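Enquirer: Would you mind keeping the following structure in view while I ask a few things?
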Amino acid sequence: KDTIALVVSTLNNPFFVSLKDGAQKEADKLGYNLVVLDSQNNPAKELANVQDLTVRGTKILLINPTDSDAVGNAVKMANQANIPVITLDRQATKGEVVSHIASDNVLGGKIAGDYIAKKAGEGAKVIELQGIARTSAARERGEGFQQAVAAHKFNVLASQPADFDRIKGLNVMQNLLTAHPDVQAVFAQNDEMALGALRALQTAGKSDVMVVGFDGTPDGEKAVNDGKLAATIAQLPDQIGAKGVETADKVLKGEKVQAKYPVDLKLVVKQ
Ligand SMILES: O[C@@H]1[C@H](O)[C@H](O)CO[C@H]1O
C-alpha cells in the first residue's frame, strides 16, 4: 500500500476528529495506508512531524496548518523531498501546494453576522470570540463578520481570540462579561468557543444573550436543538477529509486536479 500522511493541527477538537474520521474512511476504501500525526497547535511540533514523514516513504502530505504563515517552512521541506502537498481547511501562505480543500470562511462569517442582525436587530452590541490568530480560517471569518458589522451598523463591544478552544472561550467570555454586561449577541468563530461562552453566561445568570457558533459539530448541534445555541454555521469536516484522500489518489495517478475545492456551508437553526 501507498502511505498518505495526515498532519492535523489538533485532535482536541471534534471538528478535526471528524475531518480525520473522513480521511481514514476514504483511504480505507481506496486501499491506502494513512498515518495521522497531531501537531498540538504547535508550529514547531508540526515542522517536526513533516521531517519525520519525509524519510518514511510518505507518498502525499495532507496537512492542516497550525499557523498559515509559519507552515511555510514545513511545506518547503516536503517540496525538497518531492512529496506533494495538499492543505486542508487552512491554507499555507508559502511553499508549493498542489490543492486546497476548504470552506468559504469569508462567507460563513457574513452569514453569521446577518443572522445576528435578524434576531438581535441592527446596531446590536456584539462581542466576537476570534480563533487562532494567524490561521486563514480565523482571518477570513473576521473579514466576513466585518461585512455584517458595517452593513448592520453593529457596535462591537469587544473582539478577542480564544484560540478555537472551549476552556479558553469560557474564560475569555467570563472577563468580557465582567466589563460588558450589556452585550446582546456573541459570534464565536467555532463551536467549542461558543459552548465555552454559553457556560460563562450561565455562570453569570445571563440566559438571554444570543450566541452563534461555527462548524456544526455533534455538540454544536445538540445545543441548537436545546435552544441553548441560537445558530451555528455547519461545515462538512468528514468531506474535507474524504476529498483530501480522493484528491491525493488522483495526484498519485497522474490525473490533474483543481487548485481549489470548496465545501458548502449551511446555516443551522432549531426546528
Ligand atoms: O475550520 C476549523 C474549525 O472551525 C475548527 O473548529 C477550528 O479550526 C478551524 O480552522
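We label chains A, B, ... in the order they appear in the C-alpha cells, count residues from 1 in each chain, and number ligands from 1 in the order shown.
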Would you mind writing down, as a PyMOL selection string, each residue of stretch 19-249 of chain A that DSSP on the backbone assigns to strand (DSSP E or B)?
Expert: chain A and resi 33-38+58-63+85-88+99-103+125-130+155-161+185-188+210-215+231-234
Enquirer: Taking 5 positions as the minimum chain separation for residues in the same chain, which residues sit within 9 Å of residue A:142 when counting only C-alpha atoms? Answer as a PyMOL selection string.
Expert: chain A and resi 105-106+109-110+128+130+137+147+189
Enquirer: Residues within 6 Å of ligand 1, counting only C-alpha atoms and all ligand atoms: report them as a VMD selection string.
Expert: chain A and resid 15 89 to 90 137 164 190 215
Enquirer: Store the residues of this selection in a file with N, CA, C and O atoms, as a PDB file, in the first residue's frame.
Expert:
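Output (out.pdb):
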```pdb
ATOM      1  N   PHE A  15     -14.279  18.760  15.506  1.00  0.00           N
ATOM      2  CA  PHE A  15     -14.222  19.021  14.082  1.00  0.00           C
ATOM      3  C   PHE A  15     -13.089  18.207  13.455  1.00  0.00           C
ATOM      4  O   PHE A  15     -13.317  17.429  12.521  1.00  0.00           O
ATOM      5  N   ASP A  89      -8.615  22.644   4.975  1.00  0.00           N
ATOM      6  CA  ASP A  89      -9.287  23.564   5.907  1.00  0.00           C
ATOM      7  C   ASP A  89      -8.565  24.927   6.104  1.00  0.00           C
ATOM      8  O   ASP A  89      -9.218  25.960   6.148  1.00  0.00           O
ATOM      9  N   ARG A  90      -7.236  24.944   6.235  1.00  0.00           N
ATOM     10  CA  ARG A  90      -6.496  26.214   6.356  1.00  0.00           C
ATOM     11  C   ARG A  90      -5.430  26.200   5.307  1.00  0.00           C
ATOM     12  O   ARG A  90      -4.837  25.166   5.064  1.00  0.00           O
ATOM     13  N   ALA A 137      -8.502  30.516   8.427  1.00  0.00           N
ATOM     14  CA  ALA A 137      -9.898  30.336   8.855  1.00  0.00           C
ATOM     15  C   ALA A 137     -10.379  31.501   9.740  1.00  0.00           C
ATOM     16  O   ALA A 137     -11.468  32.040   9.535  1.00  0.00           O
ATOM     17  N   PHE A 164      -9.835  28.984  19.231  1.00  0.00           N
ATOM     18  CA  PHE A 164     -10.706  27.864  18.858  1.00  0.00           C
ATOM     19  C   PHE A 164     -10.859  26.852  19.982  1.00  0.00           C
ATOM     20  O   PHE A 164     -11.271  25.718  19.728  1.00  0.00           O
ATOM     21  N   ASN A 190     -15.974  29.323  16.248  1.00  0.00           N
ATOM     22  CA  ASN A 190     -16.099  27.867  16.165  1.00  0.00           C
ATOM     23  C   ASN A 190     -17.014  27.381  17.287  1.00  0.00           C
ATOM     24  O   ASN A 190     -17.315  28.137  18.204  1.00  0.00           O
ATOM     25  N   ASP A 215     -19.208  25.555  12.690  1.00  0.00           N
ATOM     26  CA  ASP A 215     -18.732  24.144  12.474  1.00  0.00           C
ATOM     27  C   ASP A 215     -19.871  23.155  12.410  1.00  0.00           C
ATOM     28  O   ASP A 215     -19.887  22.267  11.561  1.00  0.00           O
TER      29      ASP A 215
END
```
Enquirer: Could you list, as an mmCIF file with N, CA and C atoms, in the first residue's frame, every residue within 6 Å of residue A:22, counting only C-alpha atoms and ignoring same-chain residues fewer than 6 positions away?
Expert:
```cif
data_model
loop_
_atom_site.group_PDB
_atom_site.id
_atom_site.type_symbol
_atom_site.label_atom_id
_atom_site.label_comp_id
_atom_site.auth_asym_id
_atom_site.auth_seq_id
_atom_site.Cartn_x
_atom_site.Cartn_y
_atom_site.Cartn_z
ATOM 1 N N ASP A 238 -15.929 15.765 7.624
ATOM 2 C CA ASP A 238 -15.707 14.425 7.086
ATOM 3 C C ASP A 238 -15.489 14.447 5.577
ATOM 4 N N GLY A 241 -12.047 15.730 4.668
ATOM 5 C CA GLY A 241 -11.106 14.645 4.864
ATOM 6 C C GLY A 241 -11.131 13.680 3.688
ATOM 7 N N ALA A 242 -12.342 13.283 3.272
ATOM 8 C CA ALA A 242 -12.513 12.380 2.131
ATOM 9 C C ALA A 242 -11.985 13.014 0.864
#
```
Enquirer: So that I can check the secondary structure, give me every residue of stretch 37-266 of chain A assigned helix (DSSP H, G or I) by backbone DSSP, as a ChimeraX atom specification.
Expert: /A:43-54,72-80,105-119,136-151,166-179,191-203,218-225,237-252
Enquirer: To one decimal place in Å, what is the distance between atom CA of residue A:133 and atom CA of residue A:231?
Expert: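 Between atom CA of residue A:133 and atom CA of residue A:231 the gap is 23.3 Å.
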Enquirer: Set the distance at 6 Å and use only C-alpha atoms: which residues neighbour residue A:62 once local chain neighbours fewer than 2 positions away are removed? I'd like the list as a PyMOL selection string.
Expert: chain A and resi 5-6+86-87
Enquirer: How would the residues just chosen look if you wrote them out with N, CA, C and O atoms as a CSV table (one decimal), in the first residue's frame?
Expert:
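Full text of again_27.csv as output:
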```
chain,number,residue,atom,x,y,z
A,5,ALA,N,0.0,10.7,4.6
A,5,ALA,CA,0.1,11.2,5.9
A,5,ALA,C,-0.8,12.4,6.1
A,5,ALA,O,-0.8,13.3,5.3
A,6,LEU,N,-1.5,12.3,7.2
A,6,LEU,CA,-2.4,13.4,7.7
A,6,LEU,C,-1.8,14.1,8.8
A,6,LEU,O,-1.6,13.5,9.9
A,86,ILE,N,-1.1,18.9,0.0
A,86,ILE,CA,-2.5,19.3,-0.1
A,86,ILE,C,-2.9,19.9,1.2
A,86,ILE,O,-2.8,19.2,2.2
A,87,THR,N,-3.2,21.2,1.3
A,87,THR,CA,-3.7,21.8,2.5
A,87,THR,C,-5.2,21.6,2.7
A,87,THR,O,-5.9,21.8,1.8
```
Enquirer: Hey, can you check how far atom CA of residue A:135 sits from atom CA of residue A:267?
Expert: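 Separating atom CA of residue A:135 from atom CA of residue A:267 is a distance of 22.4 Å.
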Enquirer: Pick out the residues sitting within 12 Å of residue A:265, and hand them over as a CSV table (one decimal) with N, CA and C atoms, in the first residue's frame; count only C-alpha atoms, and ignore anything fewer than 3 positions along from it in its own chain.
Expert:
```
chain,number,residue,atom,x,y,z
A,102,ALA,N,-11.3,23.6,1.2
A,102,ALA,CA,-11.8,24.3,2.4
A,102,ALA,C,-13.1,25.0,2.2
A,103,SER,N,-13.7,25.5,3.3
A,103,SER,CA,-15.0,26.2,3.2
A,103,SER,C,-14.7,27.7,2.8
A,104,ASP,N,-15.8,28.4,2.5
A,104,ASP,CA,-15.7,29.8,2.2
A,104,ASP,C,-15.9,30.5,3.5
A,105,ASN,N,-14.8,30.7,4.3
A,105,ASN,CA,-14.9,31.2,5.6
A,105,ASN,C,-15.3,32.7,5.6
A,106,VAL,N,-14.9,33.5,4.5
A,106,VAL,CA,-15.3,34.9,4.4
A,106,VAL,C,-16.8,35.0,4.2
A,107,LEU,N,-17.4,33.9,3.7
A,107,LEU,CA,-18.9,33.9,3.6
A,107,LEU,C,-19.5,33.5,4.9
A,108,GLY,N,-19.0,32.4,5.5
A,108,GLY,CA,-19.6,31.9,6.7
A,108,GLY,C,-19.6,32.9,7.8
A,109,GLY,N,-18.7,33.9,7.8
A,109,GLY,CA,-18.7,34.9,8.8
A,109,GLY,C,-19.8,35.9,8.6
A,110,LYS,N,-20.0,36.3,7.3
A,110,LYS,CA,-21.1,37.2,7.0
A,110,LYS,C,-22.4,36.7,7.3
A,111,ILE,N,-22.6,35.4,6.9
A,111,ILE,CA,-23.9,34.7,7.2
A,111,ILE,C,-24.2,34.8,8.7
A,112,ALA,N,-23.1,34.6,9.5
A,112,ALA,CA,-23.2,34.6,11.0
A,112,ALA,C,-23.7,36.0,11.4
A,214,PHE,N,-19.9,28.1,15.1
A,214,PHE,CA,-19.4,27.8,13.7
A,214,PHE,C,-18.8,26.4,13.7
A,215,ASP,N,-19.2,25.6,12.7
A,215,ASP,CA,-18.7,24.1,12.5
A,215,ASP,C,-19.9,23.2,12.4
A,216,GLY,N,-20.8,23.3,13.3
A,216,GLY,CA,-21.9,22.3,13.4
A,216,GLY,C,-21.5,21.0,13.9
A,232,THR,N,-25.5,27.8,14.4
A,232,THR,CA,-24.1,27.6,14.1
A,232,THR,C,-24.0,27.4,12.6
A,233,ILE,N,-22.8,27.7,12.0
A,233,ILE,CA,-22.6,27.6,10.6
A,233,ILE,C,-22.0,26.2,10.3
A,234,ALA,N,-22.8,25.3,9.9
A,234,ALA,CA,-22.3,23.9,9.7
A,234,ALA,C,-21.4,23.7,8.5
A,235,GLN,N,-20.2,23.0,8.8
A,235,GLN,CA,-19.2,22.7,7.8
A,235,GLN,C,-19.3,21.2,7.7
A,236,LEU,N,-18.6,20.6,6.6
A,236,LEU,CA,-18.6,19.2,6.5
A,236,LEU,C,-17.2,18.7,6.6
A,237,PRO,N,-16.7,18.5,7.9
A,237,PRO,CA,-15.3,18.0,8.2
A,237,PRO,C,-15.0,16.7,7.6
A,239,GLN,N,-16.1,15.4,4.9
A,239,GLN,CA,-15.9,15.6,3.5
A,239,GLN,C,-14.7,16.4,3.1
A,262,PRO,N,-14.0,23.7,-3.0
A,262,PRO,CA,-14.9,24.3,-2.0
A,262,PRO,C,-15.8,23.2,-1.4
A,268,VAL,N,-27.5,26.6,10.5
A,268,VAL,CA,-28.3,25.7,11.3
A,268,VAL,C,-29.0,26.4,12.4
```
